[PDB]
Amino acid sequence: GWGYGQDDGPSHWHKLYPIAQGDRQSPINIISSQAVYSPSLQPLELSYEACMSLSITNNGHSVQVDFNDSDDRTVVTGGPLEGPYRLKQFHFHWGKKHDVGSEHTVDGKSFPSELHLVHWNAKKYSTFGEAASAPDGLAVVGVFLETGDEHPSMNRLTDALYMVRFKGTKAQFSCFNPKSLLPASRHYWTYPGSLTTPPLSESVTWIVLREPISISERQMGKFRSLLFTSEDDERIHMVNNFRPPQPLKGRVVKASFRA
Ligand SMILES: NS(=O)(=O)c1ccc(C(=O)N2CCN(Cc3ccc(F)cc3)CC2)cc1
Ligand SMILES: [Zn+2]
């Protein structure tokens, strides 16, 4: 019912999910000079185990790696979070050129891709779905990707894309440590927001890392080789699967650092 094409793209989502015009929608354009330095925030800690990954899937909207979230082994804690949130899955948003692809932008600048590590408040809610509807239910850590030098650990992931090039396909993806996709800095911007895809619920505490990671153009190209379409269909490459910046509506963006 929704996608990233000319007829079902982000500009039309509100026709189906009215909350798309809400007061805490994501993503947003981060004006670094207007972010509020908040030294009162606790250190952001991403405590990830190496073998919690389950599979890699092309769900028609992105490529997603799902995790075992039975306990609090792989969690994010600190920063603006009151407690630990368990990692459920990570996925990406990307474009067709280096000038576009990320959802969040910084001072008007977009990156070729953005990684989203999705976590939920399992201590408070029974299911991820239950959490995805509550204001304090989710915590998504966003990491910008820039193109430059090849990323060693990313190779395992980009090499796996061929087997999930078609929509609705999946493959086993064991022992991939999402910590390998994090930058050396834990500085970030945070603000109250929403899921960036339908149902667009305003249940996400966003934590956007300041430092991007880089992958090579070859690796980025592997993402663009994915398809929005199934095997027996006219091929349409999965690109520009991002939602543009939404109105801030008076929300305060906090920063764990001084610009
Ligand atoms: N990019 S993001 O904001 O980081 C993000 C994070 C989590 C999710 C996520 O797992 N699904 C949300 C969507 N739902 C499907 C859905 C769609 C429409 C509905 F009305 C209900 C449920 C599956 C779970 C999606 C996007
Ligand atoms: Zn996302």
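In terms of this note's numbering, the sequence shown opens at residue -14 and continues consecutively.
We treat Cβ as the ideally placed atom computed from N, Cα and C, and that holds for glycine.
Which residue comes first and which comes last in the beta strand (DSSP E) that contains residue i?
i      : result
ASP51  : 48 to 52
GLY63  : 60 to 64
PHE113 : Not the beta strand (DSSP E): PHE113 falls in the alpha helix (DSSP H), residues 113 to 116.
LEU102 : 98 to 105
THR181 : First-last for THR181: undefined, no H or E at that position.
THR143 : That residue, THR143, is in no beta strand (DSSP E); its alpha helix (DSSP H) goes 139 to 145.
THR154 : 154 to 157
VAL128 : 123 to 132
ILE192 : 189 to 194
Within 10 Å of its beta-carbon, does residue i have 16 or more other beta-carbons around it, so buried, or fewer, so exposed?
i           : result
residue 256 : Because the chain is modelled from -14 through 244, residue 256 falls outside the range shown and cannot be assessed.
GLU99       : buried
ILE221      : exposed
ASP51       : buried
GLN74       : buried
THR181      : buried
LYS207      : buried
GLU67       : exposed
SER(-4)     : exposed
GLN(-9)     : exposed
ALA116      : buried
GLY122      : buried
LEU102      : buried
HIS89       : buried
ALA107      : buried
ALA5        : buried
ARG203      : exposed
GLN231      : buried
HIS172      : exposed
Would you check if the distance between the CB atom of residue i and the CB atom of residue j is smaller than 8 Å?
i        : j      : result
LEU185   : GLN10  : yes
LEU212   : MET223 : yes
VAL125   : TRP79  : no
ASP134   : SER201 : yes
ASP56    : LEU72  : no
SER17    : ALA169 : no
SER241   : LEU26  : yes
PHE129   : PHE77  : no
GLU216   : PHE151 : yes
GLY63    : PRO12  : no
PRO65    : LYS239 : yes
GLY86    : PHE227 : yes
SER179   : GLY7   : yes
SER138   : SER165 : yes
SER40    : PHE158 : yes
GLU34    : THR59  : yes
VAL149   : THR42  : yes
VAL237   : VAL21  : yes
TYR(-11) : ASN162 : no
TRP(-2)  : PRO229 : no
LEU146   : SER47  : no
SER38    : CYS160 : yes
At which residues does the alpha helix (DSSP H) containing residue i begin and terminate?
i        : result
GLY(-14) : Element bounds for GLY(-14): n/a, residue is neither H nor E.
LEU166   : Neither: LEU166 is in no alpha helix (DSSP H) and is coded neither H nor E.
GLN204   : 202 to 209
message: So if I measure from each beta-carbon to every heavy atom of ligand 2 and keep distances below 6 Å, which residues remain?
response: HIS76, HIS78, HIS101 and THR181
query: Which ranges does the beta strand (DSSP E) cover as unbroken runs of at least 3 residues, wholly within the segment -10 to 62, from first to last along the chain?
result: 27 to 32, 38 to 43 and 48 to 52
message: Could you tell me which whole beta strand (DSSP E) segments of length 3 or greater appear in the segment 62 to 91?
response: Those beta strand (DSSP E) runs which fall completely within the segment 62 to 91 and span 3+ residues are 70 to 79.
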